[PDB]
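In: my complex, first installment, coordinates as in the assembly:
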Amino acid sequence: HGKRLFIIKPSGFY
Amino acid sequence: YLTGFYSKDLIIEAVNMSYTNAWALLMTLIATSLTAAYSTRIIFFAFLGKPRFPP
Amino acid sequence: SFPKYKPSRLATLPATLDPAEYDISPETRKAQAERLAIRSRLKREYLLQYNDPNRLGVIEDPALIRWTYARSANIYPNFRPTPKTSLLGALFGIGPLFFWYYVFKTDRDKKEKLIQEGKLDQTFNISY
Amino acid sequence: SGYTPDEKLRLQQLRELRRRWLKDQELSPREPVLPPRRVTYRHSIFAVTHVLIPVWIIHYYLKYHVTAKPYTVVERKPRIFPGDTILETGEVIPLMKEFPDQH
Amino acid sequence: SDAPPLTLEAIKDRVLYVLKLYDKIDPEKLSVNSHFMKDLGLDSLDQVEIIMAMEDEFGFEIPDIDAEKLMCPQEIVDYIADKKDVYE
Amino acid sequence: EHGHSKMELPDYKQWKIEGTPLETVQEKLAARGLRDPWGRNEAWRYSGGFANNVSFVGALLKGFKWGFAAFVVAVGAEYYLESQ
């Protein structure tokens, strides 16, 4: 099913 | 002849025939009776009656 | 008739069983109106300061700063030596010290006396 | 009782904006982009790099280092019964004295 | 979890299903925009009972201050959708 | 792969108080002169496969018959094999 959402999360890059 | 038997039956037998406190004897016997009682409560209230969950 | 619920310090009276809001007078309604008014004023100020796109910081709370100042840095200037304060200070700051000193002194005196008599069985007490 | 007209209008507009925002949260097929860059068999290798190698290392460590020092590994002496034979000496433990056996 | 993503039409269907089993109101007369106090002549206690029925059926409970001011099935559907963050 | 199949709700006219222990509730409310408006709403809890219930003792002996048959077969086999 094409219902993928955006998961807001803090910047884990640093 | 189940897993809990080989332990609990011997526990109760050894407890019944030792020079121990009598109140502990009575408390243990009432405790195992209540153990059976709440097992019955779980089974009866979660597996027997008519369904009560949302539609 | 039913047994009454007696409130205590750690179990307060429920709002439903409280009798203050059943004896209603116009001044009580006025008081509730003023309370809601000041609460709504504070809420409006906070929401105005909160949704501002230009703000990029922490909304300073006067209540929190006032509470911290009252708890920490305003105790001594409002302190006065009174019989209650003096008695409480003397008790709570002196009694435990002397109580523990007496207990430990008695225990160590007993131990030393037993050591002098030699009836203590200190075998294997190598580490100390 | 019930909604006032101002409350109804505000709730309707807020609901419209909320639904727009929620719909905007969806991810398109190309929305997630990852840049690629690189510099029985499963169980067979697993038992080798996870079981066999620790056994080898620990066996070496115990056999040639731990047992080098005295009293590091001490084993309870095996039970000796009447009738068994000892490997080191070969002597035979004498049997019992033939207790009376009924039932 | 495996919970299906309930949608607006599903919510409306469930609301009407619950209402149509409330025999105090006739299924034919009711509509998604029908009122409760005036168009159906229901008591305040009756409205509380409908609210509790939807509470039980949907598995989440509505606060009193928000439950006492829901008078139409459409706004009940809207409230449930806002609570559960339904897109369409 | 998720649960997307466009489920369709049943018809509301299927649920009836008939054949459920809600008759006793309705009758004792009518004896004192009232009715339960929500009687049909829960008829589904007594209508479908949930209609038949099992007692506690019957629940405990869930597989008594098969186990007893296997036990008898095993005992007979042991009797006929050891007697040799």
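Out: Here it is on my side, so go on. Numbering: from 1, shown residues only, chains lettered A, B, ... in the order given.
In: okay, and residue C:71 sits in which element?
Out: Following DSSP states H and E, the helix or strand that holds residue C:71 is helix C:62-72.
In: extract the CA atoms of that helix and return them as PDB.
Out: The C-alpha atoms that make up helix C:62-72 are tabulated as PDB, following Å, rounded to 0.1, in the frame of the first residue of the first chain:
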ATOM      1  CA  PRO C  62       7.900  35.500  35.200                       C
ATOM      2  CA  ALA C  63       6.200  32.900  37.400                       C
ATOM      3  CA  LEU C  64       9.100  30.400  37.100                       C
ATOM      4  CA  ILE C  65      11.700  33.000  37.800                       C
ATOM      5  CA  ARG C  66       9.700  34.400  40.700                       C
ATOM      6  CA  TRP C  67       9.300  30.900  42.200                       C
ATOM      7  CA  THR C  68      13.000  30.100  41.900                       C
ATOM      8  CA  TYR C  69      14.000  33.400  43.500                       C
ATOM      9  CA  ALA C  70      11.500  32.900  46.300                       C
ATOM     10  CA  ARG C  71      12.800  29.300  46.900                       C
ATOM     11  CA  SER C  72      16.500  30.100  46.800                       C
END
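In: chain G should go on the structure too:
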Amino acid sequence: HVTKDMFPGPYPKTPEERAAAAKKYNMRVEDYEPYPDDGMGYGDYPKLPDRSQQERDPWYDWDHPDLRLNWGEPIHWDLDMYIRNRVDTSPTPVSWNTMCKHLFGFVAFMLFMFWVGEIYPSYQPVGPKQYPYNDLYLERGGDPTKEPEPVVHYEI
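Out: Chain G goes in next, on the same frame as the chains above:
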């Protein structure tokens, strides 16, 4: 960015001073009551009710939902005591005095009956166990060079 007037001040006897303080703490003049002018340094700080902070309205849209607080409202002197993670004064189904009475009675009765049962123990109609070799003298402590008094066992 806070003026000197905003900060807490000494307890004030005068009504005009009292009014100024009540307005400062963002509360009604007749709703404001300072701590008693004792030696302790509470000074000019409102004595809010000892009502806890777990039982505030859980459905109101608080500015701080976890603590159940509003921005700018006066803060209880003992907020860190009541943060829903610590002591709470939520009303209970049973009265506090009866709860204490029942718990103390149950514990005291249990202790007394345990002591009573200790006074009257429970056993079996048997004699003491018999061990062969001088009550297993060598296997319990040893001391083989003392030749203990030999205890013999009565066959029956």
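In: run the chain-centre distance for the helix holding residue C:71.
Out: Relative to its chain's centre, helix C:62-72 lies at 15 Å (C-alpha atoms, centre = their mean, to the nearest Å).
In: now it: buried residues?
Out: By neighbour count on 16 or more other C-beta atoms under 10 Å in any protein chain shown, the buried set for helix C:62-72 is C:62, C:63, C:66, C:67, C:70, C:71. Quick note: C-beta positions are derived from backbone N, CA and C, even for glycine.
In: ok, stretch E:56-63 next?
Out: E:56, E:58, E:62.
In: quick check, the residue in chain G closest to chain A?
Out: Residue of chain G nearest chain A, by C-beta to the nearest C-beta: residue G:65 (18.3 Å).
In: spit out the contact partners of residue G:2.
Out: Residue G:2 makes contact with C:60, C:62, C:65 under the criterion C-beta atoms under 8 Å, 6 or more residues apart in numbering or on different chains.
In: before we move on, back to that, is any residue of the following helix or strand past the helix holding residue C:71 near chain G?
Out: Counting by DSSP H and E, the element after helix C:62-72 in chain order, helix or strand, is helix C:83-117. Yes. Counting by C-beta under 8 Å from any C-beta of the partner chain, chain G is contacted by helix C:83-117 at C:84, C:85, C:86.
In: also, this goes in as chain H:
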Amino acid sequence: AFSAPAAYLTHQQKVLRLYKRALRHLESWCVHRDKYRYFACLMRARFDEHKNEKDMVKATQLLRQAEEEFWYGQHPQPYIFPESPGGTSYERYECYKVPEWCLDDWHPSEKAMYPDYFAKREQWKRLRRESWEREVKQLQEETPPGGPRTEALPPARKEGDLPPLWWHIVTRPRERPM
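Out: That brings us to chain H, laid onto the chains above:
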């Protein structure tokens, strides 16, 4: 939670809340459905017999012994929905709600993924930037002198206007963000 509260609760609201609580605790006591329906109908009967009382002194005299009776038989372990303020999963997902503004601190490498989402994000930010300037003036001109009396906010009245103070209500994280 959505609706702003009033300064006080009327007698009708108190009666309705007591009715709801009594029905909930009766359902908790009577586990099974048929028993619950029977006793709920009995409670409704005993609840509506004083519906038509006229004087308010006697009505306030009632609903006091009613509250005492409720407190005496309140089932000290009532049923609480899992998402209720007393439920087993009340604040279970409150640790997954990350604020929207956190996305402003993402590294450009992280923003390289999901480009369309961030474009829509910039559009929303511009919309908010203009709407705030309009809303502050609208609220300033709409509020009565002396400060607001209730915490109810007015809707948008013009065509291009948006409801005042909408950004942090519209951009709630989710019910179950993860």
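In: please re-evaluate the contacts of residue G:2 in the presence of chain H.
Out: C:60, C:62, C:65.
In: ok, these vs residue C:16, which is closest?
Out: Taking C-beta to C-beta as the measure, residue C:16 sits nearest to residue C:62 out of these, at 34.3 Å.
In: any idea how far residue B:28 is from chain D?
Out: 35 Å (C-beta to the nearest C-beta, to the nearest Å).
In: let me fix that, I meant to ask about residue H:73.
Out: Relative to chain D, residue H:73 is positioned 29 Å away (C-beta to the nearest C-beta).
In: immediately after the helix or strand hosting residue H:116, which helix or strand?
Out: Using DSSP H and E, residue H:116 sits within helix H:115-142. Going down the chain from helix H:115-142, the next helix or strand is helix H:167-170, by DSSP H and E.
In: is chain E contacted by that next one?
Out: No. Judged by C-beta under 8 Å from any C-beta, helix H:167-170 stays clear of chain E, getting no closer than 10.3 Å.
In: spell out which parts of chain E neighbour chain F.
Out: When proximity is defined by C-beta under 8 Å from any C-beta, chain E lies next to chain F at E:2, E:4, E:13-14, E:17-18, E:20-24, E:27, E:46, E:49, E:53.
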